[PDB]
Structure formats: structure tokens, C-alpha cells
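Engineer: Dropping the structure in here first, questions after.
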Amino acid sequence: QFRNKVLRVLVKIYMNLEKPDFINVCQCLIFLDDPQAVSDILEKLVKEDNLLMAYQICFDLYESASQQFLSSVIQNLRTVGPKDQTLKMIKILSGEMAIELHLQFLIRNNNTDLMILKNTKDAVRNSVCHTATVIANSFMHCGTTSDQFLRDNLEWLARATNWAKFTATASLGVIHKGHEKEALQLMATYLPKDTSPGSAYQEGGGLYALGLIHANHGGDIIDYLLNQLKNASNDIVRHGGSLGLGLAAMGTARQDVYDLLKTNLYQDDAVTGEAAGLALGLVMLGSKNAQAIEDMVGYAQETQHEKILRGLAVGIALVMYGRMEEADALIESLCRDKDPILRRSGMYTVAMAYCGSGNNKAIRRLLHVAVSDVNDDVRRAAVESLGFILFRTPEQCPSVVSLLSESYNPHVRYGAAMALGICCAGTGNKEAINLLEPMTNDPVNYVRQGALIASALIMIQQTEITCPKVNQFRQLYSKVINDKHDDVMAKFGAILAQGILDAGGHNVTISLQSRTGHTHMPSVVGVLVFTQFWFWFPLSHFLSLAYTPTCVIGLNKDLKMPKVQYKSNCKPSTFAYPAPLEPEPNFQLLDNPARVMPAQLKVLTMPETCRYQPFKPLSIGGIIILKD
Amino acid sequence: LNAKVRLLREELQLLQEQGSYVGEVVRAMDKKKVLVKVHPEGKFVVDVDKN
Amino acid sequence: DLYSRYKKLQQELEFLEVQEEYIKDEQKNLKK
Amino acid sequence: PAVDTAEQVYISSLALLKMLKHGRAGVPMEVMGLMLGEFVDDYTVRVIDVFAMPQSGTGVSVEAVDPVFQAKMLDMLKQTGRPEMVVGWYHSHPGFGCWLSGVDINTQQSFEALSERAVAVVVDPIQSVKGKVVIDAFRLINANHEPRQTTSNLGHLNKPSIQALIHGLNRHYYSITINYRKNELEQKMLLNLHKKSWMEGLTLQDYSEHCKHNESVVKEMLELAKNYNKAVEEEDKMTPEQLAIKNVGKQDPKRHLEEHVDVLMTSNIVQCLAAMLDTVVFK
Amino acid sequence: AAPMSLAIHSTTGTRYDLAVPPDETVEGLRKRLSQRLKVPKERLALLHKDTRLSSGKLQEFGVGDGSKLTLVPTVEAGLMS
């Protein structure tokens, strides 16, 4: 309450100024969650000839505003409407622009060392490693609309069978992230009809990819996928379609999709029910619906298929996202339950409720469960949740998981590894790696696997200069994958880790929170659901969400690329690509669009010689309109 | 305490490794071998580890 | 500034309390 | 065509106790029996109840003696509300761990031909200790590749033992995860076994026996304190390694004093509290 | 021919229904069931009215059309033999 009051007063102040900063006040309103106010202020802006500031505000609103808020803002704008300007702001707020631009950036800058994938392939001996390398590919080409590896090596892809086909097909949707322009035809090519008929696995994978193309971004795909799910016959296709629809209508508490998904859930089938549960979770995200919550809890307490129980365990947690203290009743009801899976759902609910707030009481609860529970999966889920609470202060996660990594219980070790992974995401801490090193040779195998994936998450994109230990870890991945004396799970972990380290070309990072500081809800959802590959491999296509481009992009008055150039005041070696596998100028020049790290912003500079002048300071980075 | 529990939990495999005989050395000889009486059996000419 | 140092120290104190209680619980359960 | 690695066999509490008891009964012999249950999904194979069977054999082999019993008992159990039908067989290896032999494989192969998803469960009574119970569920790999498909880590969490590998694990048969899921009433009675009556809580001890016990322990602490003195004087004139052997075959005063002090103090506190609590409650 | 259409219930629940000639002998039924199930004929044991069908022709035992037959395999465990 007091924080809201203070933010209101600050907003008043920012209003009374000679040059009122409208970016800051709009951010203040988002946090204050008052979409009417931003609707009004943006009306005022569009009235007076400040279209550059209005455009930047629409950009910033799209980047870090909740779907409900953005929908309210577009509704308010439409209530009054500058009609051409109005509609261009409508387009910006729909995110069509930003998504398209990010796609362009990803396509243009696509250096990808395929020799590494060729080596990993040469090292493959089984089906676990096979799906590992397929998913790793999917990570390397995330959104970069390139499928050479799946093309040239077509015979090697046929080896996969049954569900491994589901994953290998969804890899296509992951690879074409955001490629909304033309999807249905796009998927139609790789999911040819009346071609090798009798593959429900193929159809499910195709629908999963289709949904994966439209994460957090609905539209006509919502209606099409609903039609399919309503016409489904095979349980496998129901599973695929439910997952796709969930990924297609996130956050939009649509009643008809809820009704259909619940009708499917009430079938009492396992493989369909898991997707149905996760889908109900992803749709009614944030909503505190007592009705959906009671349906979840009752069904979880009535069914007899642990698959449905797992799906519901994550669905319930997704329901309560963003509610700090309003889930406490549900938290207590789930914790004091006897079924272990519902207790795990409770820990996940605590995780999603207090996302980033660092609420000491939620930490108290999770740690007490971590040390005190009798089931092992609940312990692992508890240690993992800690990552979601404490990711705004990465200095604190090692302080509360160092001792817990050196624990007799292997599942607790894996939990500590993955908690460090989520908490310190895209930061490259020396401490996190110091903890992750000794335990990458842990006698238990899944501990090694979690350690490798956690390291790949932490040390994403870093070069030799930024972290001395990157080369050590690349060599470790190679040695682990080539070796044959070592377990299969470790090989899976190393392959996925190679995929993670260089994702979406080499120009995408994982940031749970937007550059302003807002929690990036798709990132949280993606890193939670991806974490659930220990129960269902095809779910590993959800870290796609966390992939937010590391781009600095300049725009002109009519939102079109100028051929500007920028100044990078740091040696050309560091803050660049490490190397393509087989006198230092004190400055280097980057073109538009720019592959810019997060840290490269603090040292990012514009040449005053250039005619353009950025509206807002570059240092915050991200999408920028340029003045002239 | 954690170390103690871990050691106890591993001790089941450590206690399934074989044992080692006790022999009485007769005389070191040759490059690095020794002649060892293994009561009650006969003598041997065994190798000596690095340490 | 000293206000920031003050709030930092106070939150450090809360975190230390949480960790201490968690370690007591961990020891009690490790005995079992 | 999968048999995923996330498939589990759900054993109820009653089935486990029956298997364990029957096995310990025939300690030197490979006693065996049947198990009733259902086939729910491709990830669950639930075993509800078991029943011993008439049999005869030596320490090296065992075999059924009558099938009339099997059909008759199925009919009787079905009469009173347990229609489930058989899902596999169990037997006991007393001290040999848990694995399948040639004869085991032959019988299990006949069962599997009868029903595709049949399982074999093996118990080792003597190897099982108070807390943990040595047990495992198996199935037969054909002569075809990988026997099963993988879509989780649920298969690879157990680190199969050297003996089971030596005797054929993962070559002719593969294991399945065992789940001991329990309903609410089972949970409520399993917690209610170890509970004494309420009167026992508020009963004192024969006070004379109390005093005798106290004086006995204190008369022991006298000599333990003398030895503690005689032992603390050392630990300076003793090599850092020599101490690790000082306590082998020789009483140590410190640990015994700790134990006796804990015993005395707990017993006396409990008796005192009971005496005061009664002194108030009954008038 | 007048095939004798019987029922073969297994103790597991599955039902291998089959029809045989009137003059079939318990050995013949055992042998056909063994071919269908790919298991040796010795391991099988047919049942009728809680009375094993030791050997001989089916008719004189009384086994008739629309009958109930339980098929019960053997159960064996042991290090050897």
C-alpha cells in the first residue's frame, strides 16, 4: 500500500516539471496498475505533436506490461479513437511491430558454429542423446528461421520414433519463434497431410510447434487450434492441441477455452490430461478464479493417474501468478495435504505467487519443506522455487544454497543446481560457477545433468574476457559428450547445455525481469515449465519463452530502420563472439541493428557526429526510437 | 552431521569390496618386487605399488 | 545514502535470522 | 509400442505385508504366490491384494501343487467385492538379492504370453531390515535396439546393483519403479498402530523401583568419574594417532557419562511431571 | 463337424475363446492353446468345475458347448531345476 502511495506522489511530481519525463511516469503507472491514467496521458500526447514520445511510450508499454493492462489500454484508446496515429499506436501495442523487428534482428545476425553440432552428432549412440541433440539444435536456431541441421541430416532425424517424433517436430515451431506472418502454411510443409499417414505423434508435434510460434500472443491461431482440439480423435492429438492452445492463449482468461480444456480434462485419460492441466494453468494465468482453483483441487483429489496429477500440479501454480499474499490459503491447503504431488503444486504456487519479491516468509516455508519433508520430489521442488523468489538479488542465492548443494540427498543437490541456474540467469557470477564446478562430477548422474544445464543458463553468451571459466565449461561439455564411459543422462545434460550456451544465434539472453525491472511473465512461465523435463521431455520447448533478444535497435520518425552506427567503448575482442571453432583498438563500431550484451550498454555510446539523436538514453538499451 | 550421514549411507558399498591378505615379507628383491609368505599358503613374488 | 546502508543492514539481519532458523531445522532433521 | 520408463507398479500396504510375511515364513525356500490388480493406463499397473498358494519344493526349486485353489479362491474373493484379476507373480529370494533366474524367466514368460504387461516381483525377507525393504519389479526383454522408450528421468534413478547385473539385469529383464501409494484410511491406521492406551500416559512407576534405579546408576557414575579423571590426565602424553587406538577394547568414561546423564535426567523429569500433573488432575 | 464352441478364460482376465471338434482330447486342447500362447503345453493346466482335466477325451469328462474353462499356467521358482 505505502509503495503504491509513494509511487502516486512520485507520479504527481513527474507531472509537475518543465520537461516531464513521460517514460518514467508511464512506468510508474504500470507498476501502479492504473491503465486509465496511461490511456489519458497517451491521449494527451497524441493530441500534441509529441509523436516520438508517444511512440517510445507505446514501445515501453508493450515490452513490460501485463496482457490485461495492455488490453485495457487498447480498449481505452479505442474508446476515443489522430486516427491514423491512433491505429499505429494500436499496432505498436499489439506487439506486432516489436515481434517483427525482433524476428528481423534474429534472422540477420545468425553466426552459428555448426561444427559443434556435427561433433555432438558424431558422439550420439542412443535415443536419449538423439532427442537431446534435436532440442539443442532447436535452441541454437531459436527464432532464426533456419533449419539446415534438420534438413541436411534428414535420414538421421527419421531414427526418432513415437514421442521422439513429437519433440523433433515441435523443434520446428521453436526454431521459427515469432514467425506469425505466415504460420499455417509454414507448418503445413513440415506436417504434410496424407504423407506417411498414421502419425498422431506427428500431428501433436505440429500443433505444439504451431502454438509455440505464438507464445503469449493470440489471434486467429486461438480459434484454429480450438477447432482442432474440438475435432481431435486420438488422445495423442488432444495432448498436442491442448499444449498448443495453452501456449497460444496464455493469460487470456477466455471462458470457452477453459470450458473445452476442462471437458477434455474430465475424460480421465493420462496423456491428454497432463496437457489439459498445464493448459488450464497457462490460460487462466494470474486470475484468482475460485472456480478454476476448486476444479483443480477437487480433480487432483479425485483422479488416479499421476500424469494428470503432474499436469495439474503445474497448472494450479500457474493460476496464482503475481498474487503475493492472496494464495496463502491455497498454499496452506496444499502443503497440509497427504498426496505428495499436491504438495509439490503447493511449493510451485509459493514460487509463482512471490516471484521476485524476496518475501522472507515464503523462503522460510520453502526451506523448511526442503529440510523437513519425507518425499524427495517435494524437496527438489522446494529448493528450486527459491530461485524464483530471489532472482532480483543474485548475491543471495548462493548464500542460501551453498550448504544445500553439499547435501546427502541427490534430489536436493539437483534442486540447488537448478535454483542457482534460474536465480543467476544471464549474470555469469564467479560464485555460482564456483559452486557448480565441483558438483559437475557428482557420483549421481542427474546431479551432473542439472549442474551442466544450470551452468549453461548462468554463463549464457559470456566471452573469455567476461568470465575466465567459459572455455573450461565448453571443453567440459565436449569431453562429457564424446566420452563413452559416462552415463546417458549426463550426455543429455551436456547436449542441452551446448544448445543453451549459444541460443537463437548468439544474440538472445534469458532475463526473468525486463530491462526496466518488471517481471517478464513469459520468462517465468517458460523457465518453470522447461524445468519440468524431468517428467516430460516434450516440455523442454518452453525455455523458448525466456529467450528475449539482446538487441539495440534504432528507429526513425515513421518507425523504419536508419542506417546509423554506434560506438562501443570497449576492446573489440571482449563483448563479441568468442570464436568460430576450427595492437588492440580501444574502440569498435556497431551497426544497426546491434547485437549488444546487457553489460555492453553501460559502456554503449553514440557518435555525436551522427545526425540522429536517441530519444531516451541508450544505456537502458533495448528498442529505441531515434530523433533528428 | 551431513558428512556423517553421507558416509553411513555410502558405507554399504564400501563394505562389499573384497579384503586384502596379510603377508610376511621375506626379502625385497629385484626391480621392485618382494617375496611374501601368505600364511598358510606358499610364497609369491609380488609387485609393489607406487606409494 | 546512509539511509540505504541502514535498510541494507536491516534486510541483512532478516536474512540471517531466516537462515539461522533453517539450519536449526536442518540439524534436527539430520539427526533423525 | 513404448513401455515408457515412467511406468510404475503400485503396491498397496496389505500386499507388501503379505509378501514379506509369507517370505520370512519359508526362510530357506523359494516360496511364491499370486497378486491381483488392474491395468490402468500405460504408466500404471496396480497390485491390490495377494494370496498365498499351496506349494511344495526343496531349497533349490518350488512349484505349484493345485490350480483348483487358484480358480476357487478367485471366485470367493470376487464374491465379497474384490473382482480384480491377476497381474503377475511374486516370490522370495532369501539372501540372494533380487533378480530373475532361468526357471523364473520361463514361468514369467508364460504369464507374459497370457497377458502382455505382466510383472514379476521379488522380495528378500532376510536382507530387508527394519526401515528399508529389499524388493523390485521386473519384466522380460525380448530377443530383438532398446527395450523401452525414454521420456523422463523416472527410469534412471536407482543405480542397479552389481549382483542383479551379474545375474542378468538389463540384459534379459528390466526393472520398473515401485510406488507405495496409500489412501487416507491406510495412512490413518498405519499411524495408529504404535499408539498406547491413554492410561499408560499417566501411570507413575513403582517408586521403590525408581529409587533403586537411580542409586544403581549413580553408583555406576562414581566409578565412571574416577576413570574420567584417570583418562583426562592422558591425552597430552599420547601421540595424535595413538589416541585413535586408545579406545578399542577399553571403556571410555566420557561417552558413558553422557548416556547415563541423559537417561537419569529424562527419567526423573518425566516421573516428576507425571506426579505433579496427577497431583492436580484428580482432585 | 459340429464344432464345440467353448470358452477359455485365463486367470488374468483375457479370454482366448476357441472352438474344437467333438472328439478333441484334453491333450489336443492343451496343444492348441500352447500354439496360440507360444508356451510349452506342460506349463498349462485346464480346469472345469474345480476339477483338473488330467487327460483323455473331452466328452466323457462332460465338457460341452458353451462351457466355462479356466486356463491356469504353472508357477516355478528356483536357482536350478
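Each chain in the C-alpha cells gets a letter, A, B and so on, in the order shown; residues start at 1 in every chain, and ligands are counted from 1 in the order they appear.
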Neighbours of range 614-623 of chain A within 10 Å (only C-alpha atoms; same-chain residues fewer than 5 positions away dropped), as JSON, numbers by chain?

Structural biologist: {"A": [21, 23, 52, 53, 56, 59, 60, 63, 98, 101, 102, 514, 515, 516, 549, 550, 551, 552, 553, 554, 555, 556, 593, 594, 596, 597, 598, 599, 600, 601, 602, 603, 604, 605, 606, 628]}

Engineer: For the residues selected in the previous step, produce a file with N, CA, C and O atoms as a compact mmCIF listing (two decimals), in the first residue's frame.

Structural biologist:
# COMPACT_ATOMS: atom_id res chain seq x y z
N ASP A 21 9.20 13.81 -17.70
CA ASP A 21 9.65 12.55 -18.29
C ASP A 21 8.46 11.62 -18.35
O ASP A 21 7.92 11.19 -17.33
N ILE A 23 8.32 8.63 -20.06
CA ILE A 23 8.72 7.24 -19.86
C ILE A 23 8.64 6.89 -18.38
O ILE A 23 8.04 5.88 -18.00
N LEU A 52 6.97 11.26 -31.27
CA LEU A 52 8.13 10.45 -30.91
C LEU A 52 8.01 9.93 -29.48
O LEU A 52 8.27 8.75 -29.22
N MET A 53 7.62 10.80 -28.55
CA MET A 53 7.48 10.36 -27.17
C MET A 53 6.32 9.39 -27.03
O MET A 53 6.41 8.40 -26.30
N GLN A 56 7.65 6.03 -28.31
CA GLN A 56 8.52 5.36 -27.36
C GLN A 56 7.71 4.82 -26.20
O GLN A 56 8.00 3.74 -25.69
N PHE A 59 6.08 1.62 -27.23
CA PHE A 59 7.10 0.57 -27.18
C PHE A 59 7.33 0.09 -25.76
O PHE A 59 7.24 -1.12 -25.48
N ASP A 60 7.63 1.01 -24.85
CA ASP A 60 7.95 0.61 -23.48
C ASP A 60 6.77 -0.08 -22.83
O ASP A 60 6.94 -1.00 -22.02
N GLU A 63 6.70 -3.70 -24.13
CA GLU A 63 7.78 -4.56 -23.69
C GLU A 63 7.53 -5.12 -22.30
O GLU A 63 7.79 -6.30 -22.04
N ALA A 98 7.11 -4.86 -32.66
CA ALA A 98 8.28 -5.29 -31.91
C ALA A 98 8.64 -6.73 -32.22
O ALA A 98 9.81 -7.07 -32.40
N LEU A 101 10.24 -6.87 -35.69
CA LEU A 101 11.59 -6.33 -35.68
C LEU A 101 12.55 -7.30 -35.01
O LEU A 101 13.67 -7.50 -35.49
N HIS A 102 12.13 -7.90 -33.90
CA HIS A 102 13.00 -8.86 -33.22
C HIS A 102 13.29 -10.03 -34.14
O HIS A 102 14.41 -10.55 -34.17
N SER A 514 12.23 -7.61 -17.14
CA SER A 514 12.53 -6.73 -18.24
C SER A 514 13.63 -5.75 -17.84
O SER A 514 13.96 -5.59 -16.66
N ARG A 515 14.19 -5.08 -18.84
CA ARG A 515 15.28 -4.15 -18.57
C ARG A 515 14.87 -3.04 -17.62
O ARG A 515 15.70 -2.58 -16.83
N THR A 516 13.61 -2.62 -17.65
CA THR A 516 13.12 -1.69 -16.64
C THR A 516 13.07 -2.30 -15.26
O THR A 516 13.35 -1.60 -14.28
N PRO A 549 15.49 -11.06 -27.08
CA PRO A 549 16.66 -10.67 -27.87
C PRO A 549 17.53 -9.66 -27.15
O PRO A 549 17.03 -8.73 -26.51
N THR A 550 18.85 -9.84 -27.25
CA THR A 550 19.81 -8.87 -26.75
C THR A 550 20.17 -7.95 -27.91
O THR A 550 21.19 -8.10 -28.57
N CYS A 551 19.29 -6.99 -28.15
CA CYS A 551 19.39 -6.11 -29.30
C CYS A 551 19.34 -4.66 -28.86
O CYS A 551 18.63 -4.30 -27.92
N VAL A 552 20.13 -3.83 -29.54
CA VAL A 552 19.95 -2.38 -29.53
C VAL A 552 19.52 -2.03 -30.94
O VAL A 552 20.22 -2.37 -31.90
N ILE A 553 18.37 -1.40 -31.08
CA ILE A 553 17.75 -1.16 -32.37
C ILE A 553 17.28 0.28 -32.44
O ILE A 553 16.47 0.72 -31.61
N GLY A 554 17.75 1.01 -33.45
CA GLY A 554 17.33 2.37 -33.69
C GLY A 554 16.21 2.44 -34.71
O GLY A 554 16.13 1.62 -35.63
N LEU A 555 15.34 3.43 -34.54
CA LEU A 555 14.19 3.64 -35.40
C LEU A 555 14.12 5.12 -35.78
O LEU A 555 14.75 5.96 -35.13
N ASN A 556 13.39 5.42 -36.84
CA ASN A 556 13.19 6.78 -37.28
C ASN A 556 11.78 7.25 -36.93
O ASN A 556 11.03 6.58 -36.22
N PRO A 593 20.78 -3.12 -37.11
CA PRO A 593 20.60 -3.40 -35.68
C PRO A 593 21.86 -3.96 -35.02
O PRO A 593 22.75 -4.46 -35.69
N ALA A 594 21.96 -3.89 -33.69
CA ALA A 594 23.19 -4.22 -32.98
C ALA A 594 22.97 -5.37 -32.01
O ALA A 594 22.05 -5.34 -31.18
N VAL A 596 23.95 -6.46 -28.88
CA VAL A 596 24.53 -5.79 -27.72
C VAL A 596 24.17 -6.57 -26.46
O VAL A 596 22.99 -6.74 -26.15
N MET A 597 25.19 -7.05 -25.74
CA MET A 597 25.00 -7.65 -24.42
C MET A 597 24.22 -6.72 -23.50
O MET A 597 23.96 -5.57 -23.84
N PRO A 598 23.81 -7.22 -22.34
CA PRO A 598 23.28 -6.31 -21.32
C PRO A 598 24.34 -5.40 -20.74
O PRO A 598 24.07 -4.22 -20.49
N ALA A 599 25.54 -5.92 -20.50
CA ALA A 599 26.60 -5.11 -19.90
C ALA A 599 27.19 -4.13 -20.90
O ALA A 599 27.69 -3.06 -20.52
N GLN A 600 27.15 -4.47 -22.19
CA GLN A 600 27.71 -3.59 -23.20
C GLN A 600 26.95 -2.27 -23.25
O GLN A 600 27.42 -1.31 -23.87
N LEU A 601 25.79 -2.21 -22.61
CA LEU A 601 25.03 -0.96 -22.57
C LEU A 601 25.69 0.06 -21.65
O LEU A 601 25.82 1.24 -22.02
N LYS A 602 26.13 -0.36 -20.46
CA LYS A 602 26.75 0.58 -19.53
C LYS A 602 27.93 1.28 -20.18
O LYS A 602 28.29 2.40 -19.78
N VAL A 603 28.55 0.65 -21.17
CA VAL A 603 29.61 1.27 -21.95
C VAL A 603 29.18 1.54 -23.38
O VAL A 603 30.05 1.66 -24.27
N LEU A 604 27.88 1.63 -23.66
CA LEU A 604 27.44 1.89 -25.02
C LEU A 604 27.30 3.39 -25.27
O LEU A 604 26.65 4.10 -24.51
N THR A 605 27.91 3.84 -26.36
CA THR A 605 27.98 5.25 -26.70
C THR A 605 27.63 5.47 -28.16
O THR A 605 27.92 4.63 -29.02
N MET A 606 27.01 6.61 -28.43
CA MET A 606 26.58 7.06 -29.74
C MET A 606 27.55 8.10 -30.29
O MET A 606 28.06 8.93 -29.53
N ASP A 628 15.91 13.33 -34.78
CA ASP A 628 16.79 14.01 -35.73
C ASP A 628 16.40 15.48 -35.88
O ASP A 628 16.87 16.17 -36.79

Engineer: Write out as number ranges by chain which residues come within 7 Å of residue 452 in chain A when counting only C-alpha atoms, dropping same-chain ones fewer than 3 positions away.

Structural biologist: A: 440, 448-449, 455-456, 493-494, 497

Engineer: Could you please tell me, as a list in words, which residues of chain B have an atom within 10 Å of chain A when using only C-alpha atoms?

Structural biologist: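 Result, ordered by chain then number: residues 2, 3, 4, 5, 6, 7, 9 and 10 of chain B.
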
Engineer: Next, the residues of the selection above should be written as an mmCIF file, in the first residue's frame with N, CA and C atoms.

Structural biologist:
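Result saved to part_22.cif:
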data_model
loop_
_atom_site.group_PDB
_atom_site.id
_atom_site.type_symbol
_atom_site.label_atom_id
_atom_site.label_comp_id
_atom_site.auth_asym_id
_atom_site.auth_seq_id
_atom_site.Cartn_x
_atom_site.Cartn_y
_atom_site.Cartn_z
ATOM 1 N N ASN B 2 25.968 -33.772 8.353
ATOM 2 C CA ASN B 2 25.703 -34.155 6.972
ATOM 3 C C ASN B 2 26.770 -35.098 6.440
ATOM 4 N N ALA B 3 28.036 -34.794 6.703
ATOM 5 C CA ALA B 3 29.102 -35.695 6.291
ATOM 6 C C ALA B 3 28.936 -37.058 6.939
ATOM 7 N N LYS B 4 28.601 -37.087 8.228
ATOM 8 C CA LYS B 4 28.459 -38.373 8.906
ATOM 9 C C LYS B 4 27.365 -39.206 8.258
ATOM 10 N N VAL B 5 26.226 -38.584 7.953
ATOM 11 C CA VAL B 5 25.130 -39.334 7.339
ATOM 12 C C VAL B 5 25.522 -39.816 5.953
ATOM 13 N N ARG B 6 26.224 -38.984 5.186
ATOM 14 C CA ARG B 6 26.643 -39.401 3.853
ATOM 15 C C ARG B 6 27.591 -40.590 3.915
ATOM 16 N N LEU B 7 28.555 -40.548 4.831
ATOM 17 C CA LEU B 7 29.470 -41.669 4.983
ATOM 18 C C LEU B 7 28.713 -42.933 5.359
ATOM 19 N N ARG B 9 25.732 -43.646 4.648
ATOM 20 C CA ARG B 9 24.859 -44.069 3.564
ATOM 21 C C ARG B 9 25.650 -44.726 2.443
ATOM 22 N N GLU B 10 26.899 -44.306 2.254
ATOM 23 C CA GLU B 10 27.789 -44.983 1.321
ATOM 24 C C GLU B 10 28.358 -46.278 1.880
#

Engineer: I want to know what sits within 7 Å of residue 152 in chain D, based on only C-alpha atoms, with residues of the same chain fewer than 3 positions away left out; could you give that as a PyMOL selection string?

Structural biologist: (chain A and resi 533-537) or (chain D and resi 6)

Engineer: Please write the residues from the selection above to a file, keeping C-alpha atoms, as a PDB file, in the first residue's frame.

Structural biologist:
ATOM      1  CA  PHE A 533      11.576 -32.049 -18.463  1.00  0.00           C
ATOM      2  CA  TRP A 534      12.340 -34.396 -15.583  1.00  0.00           C
ATOM      3  CA  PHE A 535       8.718 -35.502 -16.036  1.00  0.00           C
ATOM      4  CA  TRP A 536       8.033 -34.964 -19.767  1.00  0.00           C
ATOM      5  CA  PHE A 537      10.718 -34.329 -22.375  1.00  0.00           C
TER       6      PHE A 537
ATOM      7  CA  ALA D   6       7.830 -43.740 -16.271  1.00  0.00           C
TER       8      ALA D   6
END

Engineer: Any idea which chain C residues end up within 12 Å of chain B if we count only C-alpha atoms, as a list in words please?

Structural biologist: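 Residues satisfying the distance criterion: residues 23, 26, 27, 28, 29, 30, 31 and 32 of chain C.
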
Engineer: Identify, on the basis of only C-alpha atoms, every residue whose closest approach to range 360-362 of chain A does not exceed 9 Å; exclude the query and any residue fewer than 2 positions from it along the same chain; express the result as JSON, numbers by chain.

Structural biologist: {"A": [350, 351, 354, 357, 358, 364, 365, 366, 367, 386, 389], "C": [14, 15, 18]}

Engineer: Residues of chain E were defined as contacting chain D if any atom lay at most 9 Å from it, counting only C-alpha atoms; please report them as an NGL selection string.

Structural biologist: :E and (10-14 or 37-40 or 43-52 or 70 or 72-81)

Engineer: Quick one: residues within 9 Å of residue 17 in chain E, only C-alpha atoms, excluding same-chain residues fewer than 3 positions away - as a list in words?

Structural biologist: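 Here the answer would be residues 5, 6, 7, 8 and 9 of chain E.
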
Engineer: Counting only C-alpha atoms, what is within 12 Å of residue 12 in chain C, bar same-chain residues fewer than 5 positions away, as a PyMOL selection string?

Structural biologist: (chain A and resi 360+393+395-396+399) or (chain C and resi 5-7+17-19)

Engineer: Residues at most 9 Å from residue 123 in chain D, counting only C-alpha atoms, excluding those fewer than 3 positions away in the same chain, as a PyMOL selection string?

Structural biologist: chain D and resi 19-20+23+90-94+97-98+127-128+133-136

Engineer: How would the residues just chosen look if you wrote them out with N, CA, C and O atoms as a PDB file, in the first residue's frame?

Structural biologist:
ATOM      1  N   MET D  19       3.390 -60.312   1.252  1.00  0.00           N
ATOM      2  CA  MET D  19       4.586 -60.848   0.611  1.00  0.00           C
ATOM      3  C   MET D  19       5.692 -61.055   1.629  1.00  0.00           C
ATOM      4  O   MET D  19       6.299 -62.130   1.700  1.00  0.00           O
ATOM      5  N   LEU D  20       5.971 -60.023   2.422  1.00  0.00           N
ATOM      6  CA  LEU D  20       7.091 -60.077   3.350  1.00  0.00           C
ATOM      7  C   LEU D  20       6.895 -61.188   4.377  1.00  0.00           C
ATOM      8  O   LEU D  20       7.826 -61.953   4.670  1.00  0.00           O
ATOM      9  N   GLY D  23       7.218 -64.672   2.817  1.00  0.00           N
ATOM     10  CA  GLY D  23       8.605 -64.976   2.521  1.00  0.00           C
ATOM     11  C   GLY D  23       9.403 -65.333   3.756  1.00  0.00           C
ATOM     12  O   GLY D  23      10.129 -66.330   3.767  1.00  0.00           O
ATOM     13  N   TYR D  90       4.831 -63.277  -7.524  1.00  0.00           N
ATOM     14  CA  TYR D  90       5.888 -62.857  -6.626  1.00  0.00           C
ATOM     15  C   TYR D  90       6.553 -64.076  -6.017  1.00  0.00           C
ATOM     16  O   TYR D  90       5.927 -65.129  -5.870  1.00  0.00           O
ATOM     17  N   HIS D  91       7.829 -63.943  -5.666  1.00  0.00           N
ATOM     18  CA  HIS D  91       8.446 -64.946  -4.818  1.00  0.00           C
ATOM     19  C   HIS D  91       9.589 -64.319  -4.043  1.00  0.00           C
ATOM     20  O   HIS D  91       9.918 -63.148  -4.221  1.00  0.00           O
ATOM     21  N   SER D  92      10.192 -65.126  -3.182  1.00  0.00           N
ATOM     22  CA  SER D  92      11.184 -64.670  -2.222  1.00  0.00           C
ATOM     23  C   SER D  92      12.528 -65.335  -2.481  1.00  0.00           C
ATOM     24  O   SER D  92      12.612 -66.562  -2.563  1.00  0.00           O
ATOM     25  N   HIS D  93      13.573 -64.518  -2.593  1.00  0.00           N
ATOM     26  CA  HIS D  93      14.954 -64.984  -2.618  1.00  0.00           C
ATOM     27  C   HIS D  93      15.609 -64.699  -1.279  1.00  0.00           C
ATOM     28  O   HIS D  93      16.065 -63.570  -1.039  1.00  0.00           O
ATOM     29  N   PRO D  94      15.692 -65.666  -0.384  1.00  0.00           N
ATOM     30  CA  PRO D  94      16.168 -65.392   0.977  1.00  0.00           C
ATOM     31  C   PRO D  94      17.677 -65.221   1.107  1.00  0.00           C
ATOM     32  O   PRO D  94      18.422 -66.137   1.450  1.00  0.00           O
ATOM     33  N   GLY D  97      19.482 -61.459  -2.834  1.00  0.00           N
ATOM     34  CA  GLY D  97      19.109 -60.225  -3.502  1.00  0.00           C
ATOM     35  C   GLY D  97      17.845 -60.396  -4.315  1.00  0.00           C
ATOM     36  O   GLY D  97      17.023 -61.262  -4.019  1.00  0.00           O
ATOM     37  N   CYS D  98      17.690 -59.565  -5.340  1.00  0.00           N
ATOM     38  CA  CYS D  98      16.501 -59.574  -6.181  1.00  0.00           C
ATOM     39  C   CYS D  98      16.920 -59.589  -7.643  1.00  0.00           C
ATOM     40  O   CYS D  98      17.468 -58.605  -8.144  1.00  0.00           O
ATOM     41  N   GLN D 127      17.221 -60.021   3.892  1.00  0.00           N
ATOM     42  CA  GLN D 127      18.005 -58.834   3.581  1.00  0.00           C
ATOM     43  C   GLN D 127      17.273 -57.563   3.977  1.00  0.00           C
ATOM     44  O   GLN D 127      17.910 -56.548   4.269  1.00  0.00           O
ATOM     45  N   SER D 128      15.950 -57.593   3.999  1.00  0.00           N
ATOM     46  CA  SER D 128      15.199 -56.424   4.411  1.00  0.00           C
ATOM     47  C   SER D 128      15.414 -56.171   5.892  1.00  0.00           C
ATOM     48  O   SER D 128      15.401 -57.099   6.703  1.00  0.00           O
ATOM     49  N   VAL D 133      13.069 -52.138   2.765  1.00  0.00           N
ATOM     50  CA  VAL D 133      12.688 -53.482   2.346  1.00  0.00           C
ATOM     51  C   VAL D 133      13.227 -53.720   0.945  1.00  0.00           C
ATOM     52  O   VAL D 133      12.987 -52.918   0.036  1.00  0.00           O
ATOM     53  N   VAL D 134      13.970 -54.807   0.776  1.00  0.00           N
ATOM     54  CA  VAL D 134      14.640 -55.096  -0.485  1.00  0.00           C
ATOM     55  C   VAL D 134      13.650 -55.773  -1.419  1.00  0.00           C
ATOM     56  O   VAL D 134      13.164 -56.870  -1.131  1.00  0.00           O
ATOM     57  N   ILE D 135      13.369 -55.134  -2.554  1.00  0.00           N
ATOM     58  CA  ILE D 135      12.258 -55.533  -3.406  1.00  0.00           C
ATOM     59  C   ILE D 135      12.434 -54.850  -4.750  1.00  0.00           C
ATOM     60  O   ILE D 135      13.108 -53.822  -4.854  1.00  0.00           O
ATOM     61  N   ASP D 136      11.817 -55.418  -5.786  1.00  0.00           N
ATOM     62  CA  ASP D 136      11.959 -54.884  -7.135  1.00  0.00           C
ATOM     63  C   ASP D 136      10.985 -55.606  -8.052  1.00  0.00           C
ATOM     64  O   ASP D 136      10.592 -56.743  -7.794  1.00  0.00           O
TER      65      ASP D 136
END

Engineer: Could you tell me which of D:246, D:210, D:46, D:78 comes closest to chain A if we count only C-alpha atoms?

Structural biologist: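 Of all the options, D:46 lies closest to chain A.
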